[PDB]
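Trainee: Take a look at this one; I'll ask things after.
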Amino acid sequence: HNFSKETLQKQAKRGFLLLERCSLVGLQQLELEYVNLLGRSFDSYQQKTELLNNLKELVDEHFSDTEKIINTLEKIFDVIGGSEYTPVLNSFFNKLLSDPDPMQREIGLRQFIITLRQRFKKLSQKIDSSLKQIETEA
Amino acid sequence: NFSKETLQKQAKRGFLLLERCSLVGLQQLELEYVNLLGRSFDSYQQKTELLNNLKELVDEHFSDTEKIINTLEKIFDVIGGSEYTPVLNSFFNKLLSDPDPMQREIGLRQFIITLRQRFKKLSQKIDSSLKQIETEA
Amino acid sequence: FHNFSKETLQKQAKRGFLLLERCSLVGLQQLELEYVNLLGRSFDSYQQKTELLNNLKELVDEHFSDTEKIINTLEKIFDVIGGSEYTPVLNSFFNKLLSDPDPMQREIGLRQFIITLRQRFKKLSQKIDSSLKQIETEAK
Amino acid sequence: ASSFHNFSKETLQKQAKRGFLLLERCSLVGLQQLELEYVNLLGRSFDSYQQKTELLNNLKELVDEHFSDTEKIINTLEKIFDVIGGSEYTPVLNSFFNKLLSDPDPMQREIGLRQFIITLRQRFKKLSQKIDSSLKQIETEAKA
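Residue numbers (the numbering used here), protein chains in the order written: chain D, 1 to 138; chain H, 1 to 137; chain A, 1 to 140; chain S, 1 to 144.
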């Protein structure tokens, strides 16, 4: 309740562009980097494990940064959610963020967040699986 | 020496550097490191070289970051504990937008710390890796 | 480009380079990883595996081509402002020279980046072809 | 649709230019992203099928949407050329995708632009084609 309602719109927008252009793009890399590690035959194990932990640490870090953004974005919606001031975003990927109806643009954004979380969670989960699989194999 | 509200405006600009430029660079570098590890191809002489290279970049950036922080601390020497602590929407800390200026000061200090932690932690890994590789030949 | 304002060219050169860094290279990094990812996948079949490489190959060639086009324009720009003060300044996080005060260095930096980029692209297409041969002989 | 013969010939130049910067800086960039997104989907093992198919349809829809927006721009750009085509007023554009748009000769700049359009269309069509192939491949992979 502290800022101008349209300033929040502008912020919300910026916030979201982070998620799309930075947060998600990092995540796509990381998913691929994981697969890449698995592909590298056996190495030793001490060496393989190390690289996952290493990966894991980065993913947790980046997930955390992502969450912080989301969090600030949700807090913004605490004011402009269910309002006209829901920002408009020509995303190439979720079609709803450009929708003329602000309800839809809200939905769109919530979806994007969920999706993003799903994917992050799902990655940390695989990495942990792999680390257990390797643990027991050694 | 300067107008108390000019310093506010500067502090704000200073901080937007940290968030929008310093941190973003750091996030990239963290990812670049991981990327190097992932790459088999090379030899070792070639692998090592790329880390040193990375290392140099990180130390360079860390240095630039420290310089900003330093200026920002100096600014707070004046407007710390005051009403003129700038207000910043931010996606990395909720306190910078807080109506209470004390909180906004705390927020900023936290951000700095967190940043330093991350930078230090990276240079540390890079050095570990460089030793690991050293011994592996 | 013998036609444009020397500082307009600076601004263009800069924009050109941000493409390479922020778009061209970022795509390339993903593609390299996508290749490795394909190799990692069992079972699929073969008809299905090959198809996905060709598919990848096509994209890489396409994106390499787009990258070359940019470079090309960038070289043409340097035909004018190469060896000049108007060489653009770029805080890249990756090549340190593009921010150098000396414009000679900034030129060198840029040339290096290009080379590096080409190396990486060429090297990828070459692996993909190897793999496609390896697979060809392993099946048909 | 409409026609332009009536606007100021240099206003059209300015518009044509703006129109083209859309294609280069927005339309093409979107397309490059989409091509990469497709490849990315194929790469993903994990999910199911109902889930895989869905994401393609989704992609497909986006591509058709974007292609449509692109066509609309082109269309306007062609209409503009109906007037300033074969003229001196063909706009001048530095470009990283075609060397001809900066050419001093306006004939060349016209050629350049036409080429860019074509190329763009080729790429868009080619993507929708692959996506449809993939969707059939997946469809048949469900069976007895």
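We put the beta carbon where it would ideally sit given N, CA and C, even for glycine.
So, is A139(A) buried or exposed, given that buried needs 16 or more other C-beta atoms within 10 angstroms?
Mentor: Residue numbering aside, residue 139(A) sits at position 139 when the third sequence is read from its first letter. Looking at its Cβ environment, which holds fewer than 16 other Cβ atoms inside 10 Å, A139(A) is exposed.
Trainee: Quick one: measure Cβ to Cβ for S98(D) and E20(D), integer angstroms, because I've assumed they're closer than 8 Å.
Mentor: Your numbering for residue 98(D) matches position 98 in the first sequence. Your numbering for residue 20(D) matches position 20 in the first sequence. Wrong, their Cβ atoms sit about 13 Å apart, outside the cutoff.
Trainee: Can you give the Cα-Cα distance for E34(A) and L32(D), rounded to whole angstroms?
Mentor: Indexing the third sequence from 1 puts residue 34(A) at position 34. Indexing the first sequence from 1 puts residue 32(D) at position 32. If I take the Cα positions, the gap works out to 7 Å.
Trainee: What distance in whole Å lies between the Cβ atoms of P91(S) and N3(A), which are believed to be in contact at a cut-off of 8 Å?
Mentor: By one-based count along the third sequence, residue 3(A) stands at place 3. By one-based count along the fourth sequence, residue 91(S) stands at place 91. Their Cβ separation, rounded to whole angstroms, is 13 Å, which puts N3(A) and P91(S) out of contact at 8 Å.
Trainee: What span of residues does the alpha helix (DSSP H) with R15(A) cover, start to end?
Mentor: Residue mapping note: residue 15(A) aligns to position 15 of the third sequence, counting from 1. Here the alpha helix (DSSP H) through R15(A) covers 6-19.
Trainee: Less than 6 Å between C-beta atoms, sequence neighbours within five positions excluded: which residues of the same chain meet that for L31(A)?
Mentor: Taking the third sequence and counting its residues from 1, the one referred to as residue 31(A) is at position 31. Closer than 6 Å at the Cβ level, and outside the excluded window around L31(A), lie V60.
Trainee: Taking three-plus beta-carbon pairs below 8 Å as touching, is the stretch 110-127 of chain D in contact with the stretch 52-67 of chain H?
Mentor: No contact exists between the stretch 110-127 of chain D and the stretch 52-67 of chain H.
Trainee: Tell me which same chain residues have a C-beta within less than 6 Å of the C-beta of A16(S), skipping the five on either side of it?
Mentor: Residue mapping note: residue 16(S) aligns to position 16 of the fourth sequence, counting from 1. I80, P91.
Trainee: Counting only the same chain and skipping the five closest in sequence on each side, list residues whose C-beta sits under 7 Å from that of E83(H).
Mentor: Residue numbering aside, residue 83(H) sits at position 83 when the second sequence is read from its first letter. Once the five neighbours on either side are set aside, the close Cβ partners of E83(H) are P101.
Trainee: Could you tell me whether the Cβ atoms of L9(A) and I81(A) are closer together than 8 Å?
Mentor: Within the third sequence, residue 9(A) is the residue found at index 9, counting from 1. Within the third sequence, residue 81(A) is the residue found at index 81, counting from 1. Result yes, Cβ atoms of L9(A) and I81(A) sit closer than 8 Å.
Trainee: Is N52(H) helix, strand or coil when you go by DSSP?
Mentor: The count along the second sequence starts at 1 and reaches residue 52(H) at position 52. Here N52(H) sits in helix by DSSP.
Trainee: Could you check how far apart the C-beta atoms of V36(A) and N36(D) are, in whole angstroms? I think they sit under 8 Å.
Mentor: The residue given as residue 36(A) occupies position 36 in the third sequence. The residue given as residue 36(D) occupies position 36 in the first sequence. The Cβ separation is near 5 Å, so the contact holds.
Trainee: So, does the CB of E137(D) fall closer than 8 Å to a CB anywhere in chain A?
Mentor: The count along the first sequence starts at 1 and reaches residue 137(D) at position 137. Answer no: the Cβ-Cβ gap between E137(D) and chain A never drops below 8 Å.
Trainee: Please report how far the alpha carbon of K121(H) lies from the alpha carbon of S128(H), in whole angstroms.
Mentor: Within the second sequence, residue 121(H) is the residue found at index 121, counting from 1. Within the second sequence, residue 128(H) is the residue found at index 128, counting from 1. C-alpha separation (whole angstroms): 11 Å.
Trainee: Name, please, each residue of chain S whose Cβ falls closer than 8 Å to the Cβ of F92(D).
Mentor: By one-based count along the first sequence, residue 92(D) stands at place 92. Those within 8 Å of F92(D) in chain S are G30, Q33, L34, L62, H66.
Trainee: Closer than 8 Å by beta-carbon distance: list the chain A residues that pair up with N35(H), in chain order.
Mentor: Residue numbering aside, residue 35(H) sits at position 35 when the second sequence is read from its first letter. Simply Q29.
Trainee: So is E54(S) buried or exposed if we call it buried at 16+ other beta carbons inside 10 Å?
Mentor: Taking the fourth sequence and counting its residues from 1, one reaches residue 54(S) at position 54. Looking at its Cβ environment, which holds fewer than 16 other Cβ atoms inside 10 Å, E54(S) is exposed.
Trainee: Between the alpha carbons of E106(D) and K10(D), how many angstroms are there, rounded?
Mentor: In the first sequence, residue 106(D) corresponds to position 106, counting from 1. In the first sequence, residue 10(D) corresponds to position 10, counting from 1. Computed Cα separation, rounded: 15 Å.
Trainee: Would a check of beta-carbon distances place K96(A) closer than 8 Å to chain H?
Mentor: In the third sequence, residue 96(A) corresponds to position 96, counting from 1. True, the Cβ-Cβ gap to chain H drops below 8 Å.
Trainee: Tell me which same chain residues have a C-beta within less than 8 Å of the C-beta of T72(D), skipping the five on either side of it?
Mentor: Position 72 of the first sequence, counting from 1, holds the residue named residue 72(D). Excluding sequence neighbours, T72(D) sits near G15.
Trainee: Anything in the stretch 1-18 of chain A with a Cβ closer than 9 Å to a Cβ of chain S? List those residues in chain order, please.
Mentor: Flagged, chain order: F1, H2, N3, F4, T8, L9, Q12, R15, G16.
Trainee: Against chain H, does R40(D) count as a neighbour if the rule is that its beta carbon must be under 8 Å from one of theirs?
Mentor: Counting from 1 along the first sequence, the entry for residue 40(D) is found at position 40. True, the Cβ-Cβ gap to chain H drops below 8 Å.
Trainee: For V60(A), does the three-state DSSP call read helix, strand or coil?
Mentor: Within the third sequence, numbered from 1, the residue matching residue 60(A) stands at position 60. Helix at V60(A).
Trainee: Considering just the uninterrupted stretch of the alpha helix (DSSP H) at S125(A), what are its terminal residues?
Mentor: Counting from one through the third sequence, the residue named residue 125(A) turns up at place 125. Per DSSP, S125(A) belongs to the alpha helix (DSSP H) from 103-138.
Trainee: Exposed or buried, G109(A), counting other C-beta atoms within 10 Å across all chains shown (16 or more means buried)?
Mentor: Translated into positions along the third sequence, residue 109(A) becomes position 109. The residue is buried, with at least 16 neighbouring Cβ atoms inside 10 Å.
Trainee: Quick one: does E34(A) have its CB under 8 Å from some CB of chain D?
Mentor: Locating residue 34(A) in the third sequence gives position 34, counting from the first residue. So yes, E34(A) belongs to the interface.
Trainee: Taking the alpha-carbon positions, what's the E68(A) to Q108(S) distance?
Mentor: Position 68 of the third sequence, counted from the start, is the residue given in the question as residue 68(A). Position 108 of the fourth sequence, counted from the start, is the residue given in the question as residue 108(S). Looking at the two C-alpha atoms, the distance is approximately 21 Å.
Trainee: Using a Cβ-Cβ distance under 8 Å, would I70(A) count as near chain S?
Mentor: Taking the third sequence and counting its residues from 1, the one referred to as residue 70(A) is at position 70. Cβ-Cβ to chain S under 8 Å: yes for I70(A).
Trainee: Counting along the chain, where does the alpha helix (DSSP H) carrying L23(H) start and finish?
Mentor: Within the second sequence, residue 23(H) is the residue found at index 23, counting from 1. No alpha helix (DSSP H) contains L23(H), which DSSP labels as neither H nor E.
Trainee: Determine whether the Cβ of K74(H) lies closer than 8 Å to any Cβ atom of chain D.
Mentor: Residue mapping note: residue 74(H) aligns to position 74 of the second sequence, counting from 1. Judged by the 8 Å Cβ criterion, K74(H) is not in contact with chain D.
Trainee: Quick one, which of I135(A), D66(A), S45(A) has its alpha-carbon nearest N98(S)'s?
Mentor: Taking the fourth sequence and counting its residues from 1, the one referred to as residue 98(S) is at position 98. Comparing Cα-Cα distances from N98(S) to each of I135(A), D66(A), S45(A), the minimum goes to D66(A).
Trainee: I need the DSSP call for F93(D), collapsed to helix, strand or coil.
Mentor: Counted from its first residue, the first sequence places residue 93(D) at position 93. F93(D): coil per DSSP, three-state reduction.
Trainee: From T136(D) to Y45(D), what distance separates their C-alpha atoms?
Mentor: Taking the first residue of the first sequence as 1, we reach residue 136(D) at position 136. Taking the first residue of the first sequence as 1, we reach residue 45(D) at position 45. Their Cα atoms are separated by approximately 11 Å.
Trainee: Taking any Cβ of chain S, which residues in the stretch 123-134 of chain A have a Cβ under 9 Å from it, in chain order?
Mentor: Listed by position, the residues of the stretch 123-134 of chain A near chain S (Cβ gap below 9 Å) amount to none.
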